[PDB]
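Protein chains in written order, with the entry's author numbering: chain C, 384 to 510; chain A, 384 to 510; chain I, 1 to 47; chain G, 1 to 49, 67 to 96, 107 to 148, 159 to 173, 196 to 219; chain D, 319 to 475; chain F, 319 to 474; chain H, 15 to 53, 57 to 145.
Just so you know, even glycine gets a beta-carbon here, dropped at the ideal spot from N, CA and C.
Take a look at the structure below.
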Amino acid sequence: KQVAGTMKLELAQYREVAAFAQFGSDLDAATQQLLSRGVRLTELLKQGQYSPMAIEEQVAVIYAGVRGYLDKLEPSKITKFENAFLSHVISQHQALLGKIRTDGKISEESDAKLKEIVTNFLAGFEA
Amino acid sequence: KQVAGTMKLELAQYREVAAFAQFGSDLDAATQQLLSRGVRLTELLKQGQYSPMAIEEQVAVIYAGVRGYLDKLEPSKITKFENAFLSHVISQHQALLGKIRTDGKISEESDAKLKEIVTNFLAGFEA
Amino acid sequence: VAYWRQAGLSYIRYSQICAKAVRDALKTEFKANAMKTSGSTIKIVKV
Amino acid sequence: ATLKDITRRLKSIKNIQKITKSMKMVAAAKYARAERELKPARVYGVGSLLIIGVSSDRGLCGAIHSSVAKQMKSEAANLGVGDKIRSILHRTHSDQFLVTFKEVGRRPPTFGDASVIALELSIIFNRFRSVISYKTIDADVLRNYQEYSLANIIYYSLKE
Amino acid sequence: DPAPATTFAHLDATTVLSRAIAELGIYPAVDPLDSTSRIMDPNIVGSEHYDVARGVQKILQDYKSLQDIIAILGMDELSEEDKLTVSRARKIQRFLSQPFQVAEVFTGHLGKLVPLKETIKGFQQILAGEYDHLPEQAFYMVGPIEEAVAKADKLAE
Amino acid sequence: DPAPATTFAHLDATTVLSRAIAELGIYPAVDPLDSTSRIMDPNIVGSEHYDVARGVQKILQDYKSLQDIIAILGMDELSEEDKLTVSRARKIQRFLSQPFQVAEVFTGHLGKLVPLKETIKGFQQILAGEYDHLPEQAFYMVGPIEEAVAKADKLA
Amino acid sequence: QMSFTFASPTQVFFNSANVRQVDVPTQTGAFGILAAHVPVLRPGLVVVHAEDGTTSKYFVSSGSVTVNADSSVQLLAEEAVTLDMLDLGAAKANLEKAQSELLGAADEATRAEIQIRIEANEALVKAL
Ligand SMILES: [Cl-]
Ligand code: NA
């Protein structure tokens, strides 16, 4: 509910605005941000089959997109980011994923841990 | 019958050209005359509900469009222009409407008399 | 070097002022060219 | 699929057929006065004889804008006049700009347009062929001969 | 369809919803160029109300015709008068949207009730061009016109 | 239509032909975006196969979405990014064509039977952009990707 | 003889025509370009001595003039006009407005813009 609270409506407006400005005209910073955000949220919601994800692992990967860490990266590398990010949190941070599974929420402690993890992870990917 | 035949022809000249009214800009004076005049005449066809007019009141309003006294007026302000103009010519110039109904046309005397009432009201209204 | 230079102005500026002086001094009839030509249609943009 | 959908498509494309018909008519009008001012400026330009690209603001004219944009990145990778020059070629070479220009192509391009370009301190342009086709001594005396002839080469690329 | 077609005549006011509008996130997905009422008259609801309601319908109806033309031929072919009415129309579409209290579980936004006085003033100002400087998405999914101004500053960072 | 519509369910692979594709000269006139198989699976066919298949269907579907704009104005009015996908997609569409042994009388060309290794490899090279410089009709009615290079050299 | 050319952005006057001599102004003096001559303009008169009798008179504001090894010339002018289409009364009034705006303005860049216009208009009244 936290990470995908206003995601359903925002993605509907993204497809409206993206389809509207197909022509290569100049636009303000607020609408190009919506396009920049909406493209990379769509790449997160891509998913293969015969491997369904647990609620906490879904919450982890949606965090990166919705809180804005993916915005500067290229659209084509978002699926690569997600796989590397998901396998990393499965490896080391089982306490954090476990704490979201036990509680059923993102605490301000867990928010601060994810904030530290994704920012340091992003700097590695961008280089 | 005098003003209707003239108006009908000019609207036909407009309706062909009107599809590229907005998409034109660098248009010649032939089509710009038809596009300007046609938008003016269309706005004179607009009318309020529950206020049906006498024939002498209609022909005066159409005549203003046909002889082209409203050609430089802003197209958006024609419906409001007409509503005040109608109240003015009914209130003050009650004898003038008697001439059009008696004579069965807009005579040379009425032409000149109505010409003064439009051009002065036009400069006063648009300010 | 030059009175028009030193301050900073180049020959293309010298040419634009001289050419405008000729078009400004005409006998009406031939200004149809001078109104069409010599326009400032270009807009300056920079980042 | 639906009748309501197909009636909407006919409604729009009917207007576009008339608008496209109008725009070739306006293009033919500008083509007339562009051709009649060509041969006076052509002998002037040929008699006269940093990457600059020349086209216009207005689109809907085939690959006039993209042709000059393709040869700029060619000259840039080895080693702009028009709003469509920016929209296409800018974000890729955003740190390689001196100046960019707007409001061109609509009106006839004058000599005063070439001066304003030169004042702000090879050249790429589309040379005309036919209705269908196109194709992409003192020390200080030479100083002023350079700057005026520079405005003539920029003016030659504008009229072509 | 015979069922809804027959129902119209039995009604004093009609609120027609569209899948086309809901598809774009615009909730409530009311068609502004299809919903009607008997009381929409300058003698009943006043001329200031009436003239704004028709102004909203005009700018939306004029925009509806353009949409299909400017999808192919591009935005830059429009007049400066047209692309003014295009930008205003798109903001007006978004300011017609509203987060309901009963729909809080779908939107993710707090429910808002907008009084009639602040509704009319909101669409008055957008028609006149008082928020042409402000961006597009600030009008989407907010209660009164004041929230658009506040949300516009939030979208700066 | 109820007859074909019901038949889909009773099948493991569907080769859907097209008149639109047939009129443009592409034979066999298969729709690459309307034909499916239940073994199109990276576990069955291998991950290299699957990626090259879905990559071809992506660039074909991207080209299909532009067809309203290309029909009116043309290929020249698109952006440089959009024209590059169109040029590859059209080269793919023609490389999807092939001369059949049973249809030698109709075509004129000698019949070809391309092995699975060179089928993947050919479309894999085209997606990467190793033949953006080559023309379109060089890929039309050829067996392996080698014949597309050989046909292009004779033209120049 | 000489392959003489003389044109402007708007109009063209001559194009490889057989002319005897063409006097043209410059920044330093005024060269008379005869057919025999060795390998920057100023506001002044361009006198064109034709092959037979008559001598027409033009005016040129600014630009450049070229003299090649072979007998060929191309005089380039931004605004070239004849004495038939030049007003004297306005040229005096323009010279007053320029000298007016000189005695007042103090900016170092602007005085150049005024003093060029004074020179250009003073060259017109010399002819007119
Ligand atoms: Cl009211
Ligand atoms: Na095949």
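Taking CB distances under 7 Å as the criterion, tell me whether residue i reaches chain D.
{"i": "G109(G)", "result": "no"}
{"i": "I388(F)", "result": "no"}
{"i": "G76(G)", "result": "yes"}
{"i": "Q416(A)", "result": "no"}
{"i": "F464(C)", "result": "no"}
Are residue i and residue j close, meaning C-beta to C-beta below 7 Å?
{"i": "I47(H)", "j": "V57(H)", "result": "no"}
{"i": "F165(G)", "j": "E219(G)", "result": "yes"}
{"i": "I81(G)", "j": "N211(G)", "result": "no"}
{"i": "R423(A)", "j": "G448(A)", "result": "yes"}
{"i": "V142(H)", "j": "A107(H)", "result": "no"}
{"i": "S142(G)", "j": "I44(I)", "result": "no"}
{"i": "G429(F)", "j": "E422(F)", "result": "yes"}
{"i": "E125(H)", "j": "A7(I)", "result": "yes"}
{"i": "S72(G)", "j": "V85(G)", "result": "yes"}
{"i": "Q442(F)", "j": "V370(F)", "result": "yes"}
{"i": "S79(H)", "j": "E95(H)", "result": "yes"}
{"i": "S415(F)", "j": "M459(F)", "result": "yes"}
{"i": "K18(G)", "j": "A506(A)", "result": "no"}
{"i": "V444(C)", "j": "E465(C)", "result": "yes"}
{"i": "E440(A)", "j": "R484(A)", "result": "no"}
{"i": "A407(D)", "j": "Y381(D)", "result": "yes"}
For a test of the three-state rule: what should DSSP assign to residue i, helix, strand or coil?
{"i": "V444(C)", "result": "helix"}
{"i": "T137(G)", "result": "coil"}
{"i": "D37(H)", "result": "strand"}
{"i": "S89(H)", "result": "strand"}
{"i": "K172(G)", "result": "strand"}
{"i": "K455(A)", "result": "coil"}
{"i": "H66(H)", "result": "strand"}
{"i": "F413(D)", "result": "helix"}
{"i": "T354(D)", "result": "strand"}
{"i": "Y11(I)", "result": "helix"}
{"i": "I161(G)", "result": "strand"}
{"i": "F28(H)", "result": "strand"}
{"i": "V77(H)", "result": "strand"}
{"i": "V45(I)", "result": "strand"}
Measure the C-alpha to C-alpha separation of residue i and residue j and round it to an integer number of angstroms.
{"i": "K482(A)", "j": "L396(D)", "result": "47 Å"}
{"i": "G407(C)", "j": "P360(D)", "result": "44 Å"}
{"i": "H117(G)", "j": "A129(H)", "result": "36 Å"}
{"i": "residue 182(G)", "j": "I42(I)", "result": "Chain G lacks coordinates between 173 and 196, the interval that contains residue 182(G)."}
{"i": "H451(D)", "j": "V374(D)", "result": "19 Å"}
{"i": "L103(H)", "j": "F138(G)", "result": "21 Å"}
{"i": "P320(F)", "j": "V334(F)", "result": "16 Å"}
{"i": "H427(D)", "j": "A404(C)", "result": "27 Å"}
{"i": "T414(A)", "j": "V400(A)", "result": "7 Å"}
{"i": "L431(F)", "j": "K429(C)", "result": "36 Å"}
{"i": "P458(A)", "j": "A29(G)", "result": "28 Å"}
{"i": "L329(D)", "j": "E366(D)", "result": "25 Å"}
{"i": "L217(G)", "j": "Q385(A)", "result": "54 Å"}
{"i": "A474(F)", "j": "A466(F)", "result": "13 Å"}
{"i": "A327(F)", "j": "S355(F)", "result": "12 Å"}
My understanding is that residue i touches residue j, with C-beta atoms under 8 Å, so please give their C-beta distance in whole angstroms.
{"i": "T19(H)", "j": "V98(H)", "result": "Contact flag wrong, Cβ pair sits at about 17 Å."}
{"i": "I388(D)", "j": "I410(D)", "result": "Not quite, the Cβ-Cβ distance comes to about 17 Å (not below 8 Å), so this is no contact."}
{"i": "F76(H)", "j": "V63(H)", "result": "7 Å"}
{"i": "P462(D)", "j": "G440(D)", "result": "6 Å"}
Please decide whether residue i counts as near chain A, where near means a Cβ-Cβ distance under 7 Å.
{"i": "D330(D)", "result": "no"}
{"i": "residue 486(D)", "result": "Residue 486(D) lies beyond the range of chain D shown here (319 to 475); nothing can be said about it."}
{"i": "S397(D)", "result": "yes"}
{"i": "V26(G)", "result": "yes"}
At a Cβ threshold of 7 Å, is residue i touching chain C?
{"i": "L342(D)", "result": "yes"}
With 7 Å as the threshold, decide whether the Cβ of residue i is near any Cβ in chain G.
{"i": "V57(H)", "result": "yes"}
Answer with yes or no whether the minimum CB distance from residue i to chain I is below 7 Å.
{"i": "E206(G)", "result": "yes"}
Would you say residue i faces chain H, with C-beta separation under 7 Å as the test?
{"i": "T37(I)", "result": "yes"}
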